[PDB]
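Q: This is the structure, below, for whatever I ask next.
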Amino acid sequence: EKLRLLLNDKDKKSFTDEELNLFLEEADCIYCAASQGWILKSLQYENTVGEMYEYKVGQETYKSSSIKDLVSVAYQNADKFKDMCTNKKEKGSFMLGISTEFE
Amino acid sequence: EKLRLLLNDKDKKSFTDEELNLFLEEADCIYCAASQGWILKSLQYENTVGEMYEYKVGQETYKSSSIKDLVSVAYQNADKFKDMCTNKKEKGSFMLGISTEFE
Amino acid sequence: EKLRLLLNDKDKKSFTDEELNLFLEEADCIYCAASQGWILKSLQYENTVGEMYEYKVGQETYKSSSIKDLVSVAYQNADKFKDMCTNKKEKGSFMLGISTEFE
Amino acid sequence: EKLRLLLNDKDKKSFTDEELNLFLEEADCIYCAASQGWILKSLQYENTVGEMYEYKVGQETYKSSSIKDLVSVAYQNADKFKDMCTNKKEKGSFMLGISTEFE
Amino acid sequence: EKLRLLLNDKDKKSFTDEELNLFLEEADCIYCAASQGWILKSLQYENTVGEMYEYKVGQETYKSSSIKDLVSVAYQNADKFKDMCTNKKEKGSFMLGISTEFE
Amino acid sequence: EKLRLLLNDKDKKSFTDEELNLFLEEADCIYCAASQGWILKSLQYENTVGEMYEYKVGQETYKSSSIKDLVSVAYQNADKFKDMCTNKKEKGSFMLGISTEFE
Amino acid sequence: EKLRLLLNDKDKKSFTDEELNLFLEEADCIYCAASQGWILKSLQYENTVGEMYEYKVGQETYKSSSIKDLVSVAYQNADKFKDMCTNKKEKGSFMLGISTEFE
Amino acid sequence: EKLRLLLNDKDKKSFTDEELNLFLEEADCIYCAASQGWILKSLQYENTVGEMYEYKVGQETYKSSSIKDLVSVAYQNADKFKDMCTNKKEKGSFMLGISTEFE
Amino acid sequence: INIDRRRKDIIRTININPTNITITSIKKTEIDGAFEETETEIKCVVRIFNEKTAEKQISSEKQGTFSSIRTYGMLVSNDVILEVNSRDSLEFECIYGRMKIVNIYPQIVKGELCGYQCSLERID
Amino acid sequence: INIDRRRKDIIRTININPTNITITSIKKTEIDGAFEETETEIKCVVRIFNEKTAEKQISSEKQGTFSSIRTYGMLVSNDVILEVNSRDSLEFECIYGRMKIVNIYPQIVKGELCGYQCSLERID
């Protein structure tokens, strides 16, 4: 199923069901939809990791990769999916005949 | 719906709906409006997170993403949406016939 | 309304409305005025961050991005608005006919 | 057995066989399927490791590899398998005869 | 008023209005005078901020922006105003007719 | 013996002899099989070091080289084995005669 | 007044009026004199900051920008004044007629 | 003795003396066998030194060279021996006579 | 620092690892030169964390025996006003021995309360 | 931090250098204003490590003599619930003098136990 394959190509339950259908409608090739969804997922990091990515309380210390690294990883996923779609639709070079009518 | 998809693209609950309608009216392509909205949302990080990127009080220590990183990521998102708009609107090369009347 | 849109573009409640009117008068295109206002806003960081951008008292510690960083971000905003104005007023290449009178 | 070899090229039990067979069907060359599966497994580091790459609790301190490093290594493995697929399918240059009928 | 706009371009309460009149007279274009005033204001950081960019006394610790960064930012502002002066006074290319008398 | 020599090349007692036979069948030249085995061995660093590469408990501290360094070393081994195979099968340039039948 | 204008172009309080007159008469253009005076002022940093630029006594700590940064800033001022003088005396390109006597 | 010189080229008991015979047999030039053996010795660092390059226990602290450094040095030694083999076997340029029979 | 930043940070940090806590307050009231104790019970959301590497003291005597350690801190939001004095106490029932709030650090921004950094004593 | 991350880390760290330990628990029960002690024996997998650079105290007197040191910590998984109070003790016999569990630090994630950080006292 295209929806299930797309939810395999991305994290399974971060997105609601209807926007997966929206992305499937927007692009017929599933990998283009995966790239779009990955960029949209990458937008999320401003909420969680943007406002706080490294905190220490008492002796408790926690560090997480900055927003730049995570969005870079998500963008890399998006670009890989886009290149995958291009290679899917790509076709090699061609030499063809040519002919014009004459009397 | 245009507005719901835009609020998905340009992250929700930072603008009220009237300026979103203005964004849609500015450009028919939704991704161009998304890029514009992403830039104008990037301008708002000076208030929402401020330049005070790290502070320690008592035993609390918090390190937020610096404003440069957040505005850079917002700009990158806007650039991605702009590139999506161009690729959607871009057509490939063309070879066409030419002819001039004579006598 | 042009003043409302400019106060949206140029971050609000730092310039009183008369200089905003001056900005709107200086250039017809609102984005050029926004770039100008952004540069003039970037000038303000002298007092806020040049005097002090990182201080610690007792166990209280506070860090803020240096003046160079914030003015760089504001300059990036100004340049984006300027490029937006240019793209708004830009037009593509042209091939036109030419003809000189002759006996 | 092709599935067993693919489960060696890509480590066990991050997926279930219901998609390993799908990847085998996707491309006849096992290495291409391995590259695809390696990218899809690279996607899973968002959950299995998470961004919280280092933390200290009590006297415990742990420094795991950042998610960017793990996805980079997975991408490198996928690239290696893709290059292996190409080299397996690659054929060297050729000089061949050409001839056109004539009377 | 030209003087008020210049004081907006180059912040108030530092210089007395006499040198502002001098800058206005030395260049009709206000942005040129703004660039000149910004350089001359950059010269004043050696007194207003001084070299002592960081100090700790008791439990107080203050880290001001270094003088090099401040003068660099002032120079950048002066350069921006100078480029504005050029672009305002700049004119595009021209192709014009040429003709010499002959018998 | 081919299996013992491969187990010498590819570091011993991490792969059972079944996949060693599989690699021997896959590639005629032993060094190509060694490169294959090294690339496949490099995947284990995910589990071994990716989830934890530097930890301190109490006064006990232990640091190990990150996953990136170890996978880089394994890749270097793989590339050396591959280049060794190519140089083994490499033959120098050639000048040969040419002759076409003619009446 | 040329002396007061030069003393505005320079930071004052470290040059008695005699050398100011010396600079004024050595170079007619005031900006060249300002550049010379700024270099001569830059020379002084070997005593104030070269001997000591960062010291801590007890809990009292004081850091100042190194001699290299300060002399760099002063050199930048000198170069800006010199370039200002050049642009003052600069004149655009010229196309002029040419004619030689003949009979 | 060839075996003794080779066991001088690689420090004794990282290999049993039997397989030195194999290394000698696979290449008559001793330095070629030395380079091969040095690569094979480089493979052994994962067991002899492991990844744990630094550790502290109690008051003991030991910082061994990382495995990447050791394998790099072993590779450099192998490259040096390979270059020695080539230079020993290399011969300079040549200009020779050419002649074809003719009637 | 803005008040909203501090509020968001405190609420987030509590929500990473919150525990519902039943604070019990015994406030001593001076009546005829002696104390009349009024017991009230208040509930709050709380995160508990180590702050000090201390050692468990023991105080056995003819009155009885109890051992207390000072390691654990505490971090609570603005939802309830707290106070600990000589005449006022706050305790709650953590599963691993009863906790007791020793000292309160009120986090204030521009004369406005936003949350209490707090310290505990795990009475065994 | 996810619970599985903490569980994997604790189990891995214990498995780098585990030791099988026979914890003996003597729990004092109040009976007629005195203690009746019930002895139970429980086994767990454990890693022992240094935590503090402390000095061996000595406490010789007419009751007897014994020397103890607080250097060693301890790290144990979730497999068994532990507790140490004034009325509850836990001991075990490492070959280099008897060990005694002084204080327990329960590592909790989102109100769920995952393992005990712990401190010891090597009673010679």
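Each reported figure results from applying straightforward, stated rules to the coordinates on display, with no laboratory input. Neighbour counts run over all protein chains shown; Cβ positions are idealised from the backbone, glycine included.
Q: Under unit Cβ charges (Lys, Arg +1; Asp, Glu -1), what dipole magnitude, rounded to 20 debye, does segment J:11-56 have relative to its Cα centre?
A: Magnitude of the dipole: close to 520 debye.
Q: Taking the Cα centre of the protein assembly as shown as the origin and placing charges on Cβ (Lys, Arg +1; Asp, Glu -1), which of F:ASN8, J:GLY64, F:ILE39 is farthest toward the positive end of the dipole?
A: Value: J:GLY64.
Q: Let me ask you something else. Tell me the distances, shortest first, between J:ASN17 and the same position across the other copies, using label points 7 Å along Cα→Cβ, in nm to one decimal.
A: 2.4
Q: Let me ask another. Suppose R0 equals 60 Å; then what is the FRET efficiency for I:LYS110 and H:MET84 from their Cβ-Cβ distance, rounded to the nearest 0.05?
A: 0.20
Q: Once the protein assembly as shown is represented by equal point scatterers at the alpha-carbon sites, with solvent omitted, what log10 I(q)/I(0) does the Debye formula produce at q = 0.06, 0.07, 0.08 Å⁻¹?
A: -0.77, -1.01, -1.22
Q: Please identify, among I:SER68, I:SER60, I:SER89, the residue showing maximal mean-square fluctuation in a Gaussian network model of chain I using a 10 angstrom Cα cutoff.
A: Among I:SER68, I:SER60, I:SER89, the largest GNM mean-square fluctuation belongs to I:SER60.
Q: Among C:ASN77, C:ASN47, C:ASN21, determine the one that fluctuates most according to a GNM of chain C built with springs between C-alpha atoms less than 10 Å apart.
A: C:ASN47
Q: Choose one answer from J:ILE42, J:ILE95, J:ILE26: the residue with the largest mean-square fluctuation in a GNM of chain J with alpha-carbon springs under 10 Å.
A: Looking only at J:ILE42, J:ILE95, J:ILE26, the biggest GNM fluctuation is shown by J:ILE95.
Q: Rounded, prolate or oblate, given the Cα gyration tensor of segment J:26-124, with a/c below 1.5 counting as rounded?
A: Judged from the Cα gyration tensor, segment J:26-124 comes out oblate (a/c at least 1.5, b/c at or above a/b).
Q: At q = 0.27, 0.31 Å⁻¹, what base-10 log of I(q)/I(0) does the Debye formula yield for segment G:42-96 when every alpha carbon is treated as an equal point scatterer in vacuo?
A: Reported log10 I(q)/I(0), two decimals: -1.00, -1.11.
Q: Placing the label point 7 Å from Cα along the Cα-to-Cβ direction, what are the distances from I:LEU113 to the equivalent spots in the other copies, shortest first, in nm to one decimal?
A: When each copy's label point is compared with this one, the spacings are 3.5 nm.
Q: Is segment J:15-68 best put as rounded, prolate or oblate by its Cα gyration tensor, with a ≥ b ≥ c the root eigenvalues, rounded for a/c under 1.5, and otherwise prolate when a/b is larger than b/c, oblate when not?
A: Verdict is oblate for segment J:15-68.
Q: Also, quick follow-up: Within a 10 angstrom radius of the beta carbon, how do D:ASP11, I:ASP9, D:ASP28 rank from fewest other beta carbons to most?
A: Listed from fewest to most nearby Cβ atoms, that is D:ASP28, D:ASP11, I:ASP9.
Q: If you build the convex hull over the alpha carbons only and average its shadow over all orientations, what do you get for chain E? Give it in nm² to one decimal.
A: 11.0 nm²
Q: If one computes the Cα centroid of segment I:48-124 and of segment H:35-52, what distance in Å separates the two points?
A: Distance between centres, Cα-based: 56 Å.
Q: Continuing with this model, one more query. Average partner chain C-beta neighbours within 10 Å, per residue of J:64-73?
A: Per residue, the average neighbour count from other chains is 1.
Q: Also, I was wondering about something else. Write down the percent of antiparallel bridges among all DSSP beta bridges whose residues are both part of the protein assembly as shown, to the nearest 5.
A: 100 percent
Q: Could I ask something else about it? Can you sort B:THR100, D:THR86, B:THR61 by how many other beta carbons sit within 10 Å, fewest first?
A: Going from sparsest to densest Cβ surroundings: B:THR100, D:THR86, B:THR61.
Q: If you don't mind, another one. Can you sort J:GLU41, H:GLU19, J:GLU51 by how many other beta carbons sit within 10 Å, fewest first?
A: J:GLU41, H:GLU19, J:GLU51
Q: Looking at this model, which pairs from E:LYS63/H:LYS68; C:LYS10/G:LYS82; E:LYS12/G:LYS88; A:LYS63/C:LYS12 are more than 32 angstrom apart at the alpha-carbon?
A: E:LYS63/H:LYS68; C:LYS10/G:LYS82; A:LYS63/C:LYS12
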